[PDB]
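Examination of the molecular architecture
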Amino acid sequence: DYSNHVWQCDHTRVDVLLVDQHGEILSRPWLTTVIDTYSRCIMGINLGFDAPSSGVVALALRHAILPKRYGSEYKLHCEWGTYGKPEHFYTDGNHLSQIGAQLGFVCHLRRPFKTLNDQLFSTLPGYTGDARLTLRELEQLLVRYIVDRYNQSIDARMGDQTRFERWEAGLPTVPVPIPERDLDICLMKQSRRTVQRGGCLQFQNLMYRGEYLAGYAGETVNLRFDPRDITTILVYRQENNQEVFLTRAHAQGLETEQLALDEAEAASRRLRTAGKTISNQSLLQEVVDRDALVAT
Amino acid sequence: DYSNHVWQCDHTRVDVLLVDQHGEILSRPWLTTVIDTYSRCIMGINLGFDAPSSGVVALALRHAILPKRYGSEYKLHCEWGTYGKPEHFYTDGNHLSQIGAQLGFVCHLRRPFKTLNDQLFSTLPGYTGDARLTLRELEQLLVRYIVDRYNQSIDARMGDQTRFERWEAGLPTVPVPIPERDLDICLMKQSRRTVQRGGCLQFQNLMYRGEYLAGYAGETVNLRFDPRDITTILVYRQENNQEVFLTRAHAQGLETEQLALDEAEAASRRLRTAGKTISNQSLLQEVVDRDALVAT
Amino acid sequence: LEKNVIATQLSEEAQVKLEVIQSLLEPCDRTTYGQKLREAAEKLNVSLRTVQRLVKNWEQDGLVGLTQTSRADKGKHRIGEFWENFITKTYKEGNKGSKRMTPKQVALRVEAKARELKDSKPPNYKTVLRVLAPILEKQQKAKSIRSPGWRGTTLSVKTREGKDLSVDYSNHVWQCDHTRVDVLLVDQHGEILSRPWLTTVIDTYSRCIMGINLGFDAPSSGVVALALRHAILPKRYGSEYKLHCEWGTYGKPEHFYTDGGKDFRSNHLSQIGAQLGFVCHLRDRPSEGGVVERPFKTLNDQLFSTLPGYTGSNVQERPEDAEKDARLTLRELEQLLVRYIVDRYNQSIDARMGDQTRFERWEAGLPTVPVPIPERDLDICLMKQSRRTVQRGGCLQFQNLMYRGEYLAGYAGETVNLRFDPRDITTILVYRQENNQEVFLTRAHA
Amino acid sequence: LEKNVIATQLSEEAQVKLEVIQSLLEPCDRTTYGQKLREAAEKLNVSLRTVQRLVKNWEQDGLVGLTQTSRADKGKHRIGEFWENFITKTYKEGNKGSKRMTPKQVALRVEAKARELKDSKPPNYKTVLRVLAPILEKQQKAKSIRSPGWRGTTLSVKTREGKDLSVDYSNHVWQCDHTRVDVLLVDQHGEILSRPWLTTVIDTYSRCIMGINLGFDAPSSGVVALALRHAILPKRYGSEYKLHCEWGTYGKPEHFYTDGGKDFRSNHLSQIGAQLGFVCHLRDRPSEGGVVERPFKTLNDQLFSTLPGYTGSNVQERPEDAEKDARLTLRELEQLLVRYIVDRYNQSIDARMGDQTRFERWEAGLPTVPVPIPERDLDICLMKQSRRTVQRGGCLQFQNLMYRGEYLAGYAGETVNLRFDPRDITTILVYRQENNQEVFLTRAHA
DNA sequence: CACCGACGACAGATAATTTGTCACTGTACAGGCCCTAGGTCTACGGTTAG
DNA sequence: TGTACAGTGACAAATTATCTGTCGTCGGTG
DNA sequence: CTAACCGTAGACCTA
DNA sequence: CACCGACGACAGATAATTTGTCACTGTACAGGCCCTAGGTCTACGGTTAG
DNA sequence: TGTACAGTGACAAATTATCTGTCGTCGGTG
DNA sequence: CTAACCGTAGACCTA
Ligand SMILES: [Mg+2]
Ligand SMILES: [Mg+2]
């Protein structure tokens, strides 16, 4: 009956082929979206390679809830102005209701895709129905469509206002941003890491250095991060029945450009592939057998 | 409607004071009985110091089920001739139904004591309402009453036959004894022991030596025993989801007379105090403080 | 000698099945029984057939039939028989003798062979780790079995000869050995001397300490004789030792049960044994006499590890501060050791049994009141040389010296026995054979 | 810089409470709300008053308020403050310096004090074990922190002086050290010789092995010079070594970064350094250069532990068979070591990064093609004595010998420099100062 | 004024936490690291020249 | 059956911070 | 009597 | 002869088990046990007597 | 940011013994 | 010239 009264989530396999940084072929990605049913406006998205099973939506919701703040690189003209909790959130069928509950809204269990197909995806390189497209590029394209076209379009059910304008028009009150740390029930976790002397951690073959983490050299901690950007990781101390936030740590030795999780894995497996090629065609096997024969 | 159609169990605190082997005062014992409701005949008993909670009845049932075979020491004149499963077994409120189930009879949940009071207990030394009585002596007295008097008495509800004779009279068939090992779902257990070289185990400060246990020196086994007689212990190997009988082991270095569990604990607790007695007066303390002063 | 597998506690699915079964075991009108089957299938939500196998299954296996049957391929390997045996064989050879083989090196050898044989699919390293697992594992228990020891009040020990010797009473069998003390010492000036040897004599029957000595003299027959001398004569100490109890032990053993090192199979000790009247026996293996060795650990744990200059049991744990911190002298350490032994150690409760202190076990167990052996009858611990010849004029040949004294000249040309103190040979006691008896003649001077 | 405690996953009781709360947070008709409270109490079966605290509780603590609140006395001790501090203090003193204290001994000291103070209720031994627990525990992590090392492609090392030295290219910085080889050797007759010393020169930039030598000569400036000689000149081996690849490394370092032991701060090495033109630097601590030391472990793990006569790595693990099994000679072992280094070790992938082999890291990283140093220009490794005086007649004084040769007589009374081979002093090369330049004059004969 | 929700003063019951007790088991006692091979640096009885 | 002390699971008893009622009081609402 | 000078040997430090 | 329970021949689906892959972490490299002090047992150049 | 290889959790893929249906057949019963 | 005899020293084993 009003804007943010009811939110609805949706998911699909996206039939666009992605190709990696080294020209290697990757499998097809998943897309999950969150939409406000009052004006049909897109609140937030999640594009990646993981199935919308248990996870993904947790991060998509977080994306919807938190302010957007996109960079110059996405070449956006319009501001993606939403943030804030709904009264109800519908998802496609416990932890999902725990999120609702810790945040303040009711979770329920149980179609933008029609327009992405026609207006974006079927027109992109690698469309499965030769050409290359990385995940980062695809996500830039996707948000450009959503912030500057879809949400700016006037629907046939309204005619007067755009999907975002009606969203604005229907707000019964000024929403107030929630401090981000309040959202740390969504971020993905690694269960155990040890603090290295000086206050450092390893994650995905990168080294991280923490602020005041040094006093714990030798203890076990666990950590959370946003797969879209792993340059800063949240470190938690493990208390009985609680993860109590300890500090933040920054990646070191990497490139200036912000690094995503899929990109880190890719670099690491390329290095492994390379190692598996030198080998010991005869150099090592011969030596071992000869060593044994000479000993005998 | 027939003998062993329905069995009923009963329990009480017995208000007779027992005194230990060293003249030390013990707390009051529990008694649990199993009775055949067709002729009101006592099938088996369990006398000890543990409450009829979870345990005890398991052993009393086993006692009822297995042949009795009492020794010369109980000075019995009559044979305690019962053995065998009933159709139904009632106890006073899972594991109890698992026993039923593995053995073959139905377990149900929900008054001989009136006569023990008048005809045995109120007349014994230590009756709480100065004199000494050990647990072993009391149990001998109890079974003497049950085998040669209670079950041999003609009840007012019959007049023709004794409680045992009617039990006999009401059997629709010849019961057949069950190999004892089939009853190893009742015996008390210790969860872990290690086999010592040569094939030996410690239990209650006694050493036991097994038959063919030697091949397992160094492995973990668990064990079961009858609290009334701990001279031979049953050793089991731990398989996934099963205790698989391995062997039997006999006590060594002890007296010829069969040893009960309560008696073993008593001897051991008789040594601990004997150790706590001498201690060190000024002796040790003086030496330690002097050692420190001389060092400085 | 078989059977009896008794099931472990059943989980929830089985618990439900159990109840279903309890209802279906009992026969009744055939049609009603049929109804129960239908009901059984709905309670389980499976099929109208299934519950026939479930009951039948129960009929033979009771509670066990309700457990999950394992896949029964467990423990098997899917690789070729040739390779499994190849891996096992390689490893057994790899550790034969003084060398060592790692599972990773084995996996490489396997790969090398695979090449020779043109086998495109040898097992992976991870697999080798799994195949050798049970072999690496058994060993861990094999090296760590804890012996039961003895149960108490009865004991015997074996000799090299395989003879069983009983230990029946106090001063029946005594044992002796040597160790080092894990403490560095200094002299009266602060200069460091290497840690001392500790020699103990222990009463086997009671485990009470009979006598000790410690100092810088390497083990010898001489050291043993000095140790025995202390263990045999009545003890006494001065007030400076700040003792509460007297150390009351003395006597003479019947058997001397000890190690096979040269310090104990010497002619010197044999002479002692012959003169005092006791017999020596040798251990079969280090594990045979443990009562003699054992107490050395308790000294480290209760006394020496609390003193400055403490080293360690091994060089792996030797404190780095161990060389600089030492300040104790031999005299001071000995005083500490004596007070420790007297008012604490021999005052503890026997470990095997009862309420007897070590000192008391010993005293209650001694058949008779001992008679002190006069101190002057310990001259027998002096060494005897089996022969020197007396020279004309009455002088005798010894260790690059000549000795002379009363009588000797009239006995020139005779072969004689010489008893002397290895520490001071100023004079010698000369014996001659008279009817195969060793009889004293004279005391000769250098 | 605070807050954000986020609850752990909730158990079943809390899950039920959560649902109750979801129903009660939402306002509605007051009376209906009242009905919900009644319903809430029945779903929980507690009271009509409880659920007001439960919601309020949720209102402030969210999911955390649904967890079980801890007792909040956790970690506290019930004994007197005096005793808790007494125990902590005693223990800290008990392990100061070279000595060791056990928790057991501490508990006794406590008891002794309790007597002095007439305190009838000191803590029990079990309590002492618990009070000291956190102290014994922290130590276990403290001794075991794993350093991150370096992330790759960039590195530097410190000197004793605190100077940072970069490692920028192949043959920039070389390192050298000495160890023992854990293998006993025999001679051509089967007679055992003590295990040999191994000396290595390692290229810091690439971690490729530059040259080795092993044998029975104890570390010296002489050994170092011999090691350098091998590392500097072009290498070649015969067919008997059964090699597949050539060992291709040679050149000259700029820095010689090594230990501070006397073998490396000698006038002899300094002369070498001056003549060849490179500079020496000393490690600050054993943990500072790890790249030089490290490879010694991989030799034990991949090569030496597979050979007969292997003697473990300590004295705790020394195989008992180690003394009897040795059959290898020095010549044979050296051949094995060379083939190992050449066709396996220097062929492995750099551990820090990429797909470069050790050998390749080195070659890609060397700025220029090296020019071989003529073998005859290694005469500079011979020792130079700073002075002897030439005697009348032309003879010079040396090591208890006189030497003579062409020219010398005309230079008598001059002070001269002598270059000689410590292994063979049959002749000496004589130099004199000419304008502060060292200029060759003659070769003198014994 | 009457009914229901929120908060508190108060007492009473209750599991959580700590402390003390008892039986079963791992592991060192078993000759053993202060000694050794270099180098620098310097003192020096003896020898020789004035 | 090699040996004997330091350290460790399993459990009972004492103390206490915290949860639960019952009732009283204040505030909002009908 | 007096002053200058290479080979042994001792004190000390380190791996 | 018709209906229901028990057993089997057969095919198909399914979790259990094994094997292979990948990222994160513990621990030795840092001069170091073959040497030493007894005893037995015997060989022996030199010395001395015939 | 001391160092690099042997050993180890966490998870995906291939193979297979075993459980589940559907139906047919034999035996007991009405 | 030839035979007998105590003190050093060497081979070997063990804790
Ligand atoms: Mg070094
Ligand atoms: Mg010995």
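Procedures and definitions
- Residues numbered from 1 in each chain as written, not as in the entry; some residues may be left out.
- Chains lettered and ligands numbered in written order.
- Heavy atoms only, no water.
- Helix = DSSP H or I, 4+ residues; strand = E, 2+ residues; numbered from the N terminus.
- Rg over C-alpha atoms; globule rule 2.2 N^0.38 Å.
- Buried < 20%, exposed > 50% of the residue type's maximum accessible area, 1.4 Å probe, protein only.
- Areas by Shrake-Rupley, 256 points an atom, 1.4 Å probe, with all protein chains shown as cover.
- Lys, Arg positive; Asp, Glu negative; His and termini not counted.
- Charge placed at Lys NZ, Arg CZ, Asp CG, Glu CD.
- Contact = heavy atoms within 4.5 Å.
- Buried area = accessible area lost by both parts, 1.4 Å probe.
- Nonpolar A, V, L, I, M, F, W, Y, C, P; charged D, E, K, R; others polar.
- Pairing = 2+ DSSP bridges.
- Donors = N, O, S within 2.8 Å, 3.2 Å for Na, K, Ca; no water.
- Salt bridge = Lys/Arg side-chain N within 4 Å of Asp/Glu carboxyl O.
- 1 Å grid on protein atoms, 1.4 Å probe; cavity = no way out; pocket = protein on both sides within 12 Å on 5 of 7 lines; lining within 4 Å.
- Points joined across faces, edges and corners; volume = space filled by probe spheres on them.
- Near = heavy atom within 4 Å.
- Polar contact = N/O pair within 3.5 Å; in protein donor to acceptor, adjacent residues only side chain to side chain.
- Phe/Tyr/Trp six-rings, centres within 6.5 Å; stacked < 30°, edge-to-face > 60°.
- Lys NZ or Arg CZ within 6 Å of the ring centre and 35° of its normal.
- Domains from an automatic or database assignment.

1. Observations concerning the overall build of chain C
In terms of regular secondary structure, chain C is built from twelve helices and 16 strands. Expected size for 446 residues packed as a compact globule is a radius of gyration near 22 Å; at 37 Å, chain C overshoots this value by more than 25%. Its C-alpha atoms give chain C principal-axis dimensions of roughly 130 × 65 × 55 Å. Across the 446 residues in chain C, those meeting the buried criterion constitute 40%.

2. Quick look at the overall build of chain A
Along the backbone of chain A there are seven helices and eleven strands. By its C-alpha atoms, chain A is 90 × 50 × 35 Å across when sized along the principal axes. Residues counted as buried form 44% of the 296 residues belonging to chain A. Surface accessibility of chain A: about 15600 Å² in total, with carbon and sulfur atoms responsible for 46%. In chain A, the 33 positive side-chain charges and the 37 negative ones have mean positions that sit 2 Å from each other.

3. Observations concerning the interface of chain C and chain B
For an interface, size is often stated in terms of accessible area lost upon the parts coming together. At the junction of the two partners, chain C supplies 30 residues and chain B supplies 38 residues. A buried area of about 3400 Å², summed over both sides, lies between chain C and chain B, and 59% of it is on carbon and sulfur atoms. Mapped by element, the contributors of at least two residues to the side of chain C that touches chain B are β1 (5-7), α1 (12-25) and α11 (330-345) of chain C. No other element matches α11 of chain C, which puts four residues into the side of chain C that touches chain B. In terms of residue class, the side of chain C that touches chain B is built from twelve nonpolar, nine polar and nine charged. Bridge count between strand β11 (residues 242-252) of chain B and β1 of chain C: three bridges; the pairing is antiparallel. Within the sheet, the bridge partner assigned to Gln 242 of chain B lies in β1 of chain C and is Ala 7 of chain C.

4. Digging into the coordination of the magnesium ion (ligand 2)
Residues and elements named next belong to chain C. Listed as protein donors to the magnesium ion (ligand 2) are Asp 177 (OD) and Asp 259 (OD); their distances from the metal cover 2.6 Å. Residue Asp 177 is found in strand β4 (residues 173-180), and its partner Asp 259 is found in the loop between β9 (255-258) and α9 (267-276); the two are separated by 82 residues along the sequence. Residue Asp 259 is classed as partly exposed on the basis of its relative accessible area of 29%.

5. Quick word on the coordination of the magnesium ion (ligand 1)
Only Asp 177 of chain D (OD) and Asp 259 of chain D (OD) from the protein coordinate the magnesium ion (ligand 1), and they sit 2.6 Å from it. On the accessibility criterion, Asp 177 of chain D (9% relative accessible area) is buried.

6. Some points on the pairing of strand β14 (residues 415-421) of chain C
Residue and element names in this part refer to chain C. Burial analysis of β14 places six of its seven residues in the buried class, the great majority of the element. Pairing analysis gives five bridges linking strand β11 (residues 383-389) to β14, with the strands arranged antiparallel. The partner of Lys 384 across the bridge, within β14, is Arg 419. Both β14 and strand β15 (residues 424-434) contribute to a ladder of four bridges, which runs antiparallel. From the neighbouring strand, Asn 417 faces β15, where its bridge partner is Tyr 431. Between β14 and β15, which pair antiparallel in sequence order, lie two residues.

7. Observations concerning the pattern of salt bridges
This structure, assessed with the given rule, holds 71 salt bridges over all chains. As a salt-bridge pair, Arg 237 of chain A and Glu 239 of chain A come within 3.0 Å of each other at their nearest N and O atoms. By relative accessible area, which is 31% here, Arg 237 of chain A ends up partly exposed. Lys 384 of chain C serves as the salt-bridge partner of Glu 438 of chain C, at 2.8 Å between the closest nitrogen and oxygen. Note that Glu 438 of chain C is positioned in strand β16 (residues 437-445) and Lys 384 of chain C in strand β11, a separation of 54 residues in sequence. What makes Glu 438 of chain C partly exposed here is its relative accessible area of 29%. The class of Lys 384 of chain C is buried, set by a relative accessible area of 19%. When salt bridges with common partners are traced through the structure, they connect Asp 20, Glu 24 and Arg 269 of chain A into a single cluster.

8. Some details on empty space enclosed by the protein
Residue and element names in this part refer to chain C. Computed from the structure, the largest cavity encloses a volume of approximately 90 Å³. Taken together, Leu 198, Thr 200, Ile 202, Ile 209, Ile 212, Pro 295, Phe 296, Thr 298, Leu 299, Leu 337, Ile 341 and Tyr 345 form the lining of the largest cavity. Elements with a minimum of two residues in the lining of the largest cavity: β7 (197-203), β8 (209-215), α10 (295-302) and α11. Looking at the lining of the largest cavity residue by residue, the classes come out as ten nonpolar, two polar and no charged.

9. As for the protein's contact with DNA strand J
All names here are of chain C. Inspection of the region around DNA strand J gives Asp 259, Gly 260, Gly 261, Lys 262, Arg 388, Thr 389, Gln 397, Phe 398 and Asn 400 as its neighbouring residues. Between DNA strand J and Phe 398, the relevant distance is 2.3 Å, taken from a phosphate oxygen to a main-chain nitrogen or oxygen of the residue. The residue makeup of the surface near DNA strand J, split by class, is one nonpolar, five polar and three charged.

10. Some words on the protein's contact with DNA strand H
As a matter of local geometry, DNA strand H sits amid 50 residues, with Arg 49, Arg 71, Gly 75 and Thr 127 of chain C together with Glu 323 of chain D nearest to it. Within the contact set of DNA strand H, a phosphate oxygen lies 3.2 Å away from a side-chain nitrogen or oxygen of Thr 194 of chain A. Contact distances for DNA strand H include 2.9 Å between a phosphate oxygen and a backbone N or O atom of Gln 204 of chain A. Among the elements that take part in the surface near DNA strand H, helix α2 (residues 30-44) of chain C stands out by supplying four residues, more than any other. Looking at the surface near DNA strand H, its residues break down into eight nonpolar, 20 polar and 22 charged.

11. Remarks on the packing of aromatic side chains
All told, the structure shown has 40 aromatic pairs over all chains when counted by the stated rule. Consider the rings of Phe 203 of chain A and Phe 225 of chain A, whose centres lie 5.0 Å apart with planes at 55°: the pair is tilted. Taken together, the positions of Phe 203 of chain A in strand β7 (residues 200-203) and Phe 225 of chain A in strand β9 (residues 220-226) put the pair 22 residues apart, joining distant regions of the chain. Residue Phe 203 of chain A is classed as buried on the basis of its relative accessible area, which comes to 2%. A centroid spacing of 6.1 Å and a plane angle of 80° characterise the contact between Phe 203 of chain B and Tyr 208 of chain B, whose relative ring orientation is edge-to-face. Given the relative accessible area of 2%, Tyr 208 of chain B is considered buried. Clustering of aromatic rings is evident, with ring pairs tying together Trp 7, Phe 89 and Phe 105 of chain A. The ring centre of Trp 80 of chain B lies 4.9 Å from the NZ or CZ of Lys 68 of chain B, which sits over that ring.

12. So, the domain arrangement of chain C
What the domain assignment reports for chain C is domain 1 (12-66), domain 2 (81-142), domain 3 (156-364) and domain 4 (382-445). Distance from the C-alpha centre of domain 1 of chain C to the C-alpha centre of domain 2 of chain C: 49 Å.

13. Focus: the side chain of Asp 325 of chain D
Within the secondary structure layout, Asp 325 of chain D lies in the loop between α10 (295-302) and α11 (330-345). Judged by its relative accessible area of 13%, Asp 325 of chain D is buried. In terms of polar contacts, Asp 325 of chain D uses its side chain to reach the side chain of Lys 324 of chain D, at 2.8 Å. The contacts of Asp 325 of chain D, once residues within four sequence positions are left out, are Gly 97 and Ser 98 of chain C together with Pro 308 and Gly 309 of chain D.

14. Digging into the domain arrangement of chain A
Residue and element names in this part refer to chain A. Each domain of chain A was delimited in the assignment, giving domain 1 (6-182) and domain 2 (188-278). Between domain 1 and domain 2, the C-alpha centre-to-centre distance is 27 Å. Carbon and sulfur atoms supply 39% of the area that domain 1 and domain 2 bury against each other, a total of about 1100 Å² over both sides. A per-residue breakdown of the area domain 1 buries against domain 2 is headed by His 22, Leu 59 and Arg 136, which together make up 40% of the total. In this structure, the connection of domain 1 to domain 2 is made through five salt bridges. Across the pair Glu 24 and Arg 269 runs a salt bridge whose closest N-O atoms are separated by 2.6 Å. Inspection of the region where domain 1 meets domain 2 yields seven residue pairs in polar contact. Where the side of domain 1 that touches domain 2 is concerned, the elements lending two or more residues are α1 (57-65) and α4 (135-148). For the side of domain 1 that touches domain 2, the element with the highest residue contribution is α4, accounting for three residues. Here the residues of the side of domain 1 that touches domain 2 are counted per class, giving five nonpolar, one polar and six charged.

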